[PDB]
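This report refers to the structure that appears directly beneath it.
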Amino acid sequence: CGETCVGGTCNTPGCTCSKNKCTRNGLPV
């Protein structure tokens, strides 16, 4: 996803907030 979660939130659809990065089912894309 590449994006960052500004408080456990991610703009990228289906991207879960992770270590300063949004992940698609774990994939930090």
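Chain identifiers are assigned as A, B, and so on, following the order in which chains appear in the structure tokens; residues are numbered from 1 within each chain, and ligands are numbered from 1 in order of appearance.
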Set the distance at 12 Å and use only C-alpha atoms: which residues neighbour residue 7 of chain A once local chain neighbours fewer than 4 positions away are removed? I'd like the list as a PDB file with C-alpha atoms, in the first residue's frame.
ATOM      1  CA  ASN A  11      -6.822   5.372   2.823  1.00  0.00           C
ATOM      2  CA  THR A  16      -4.673  -2.667   7.457  1.00  0.00           C
ATOM      3  CA  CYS A  17      -2.571  -0.240   9.478  1.00  0.00           C
ATOM      4  CA  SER A  18       0.855  -1.616  10.366  1.00  0.00           C
ATOM      5  CA  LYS A  19       4.341  -0.412  11.450  1.00  0.00           C
ATOM      6  CA  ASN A  20       4.057   3.111   9.971  1.00  0.00           C
ATOM      7  CA  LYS A  21       2.718   1.411   6.822  1.00  0.00           C
ATOM      8  CA  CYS A  22      -0.571   0.128   5.450  1.00  0.00           C
TER       9      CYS A  22
END
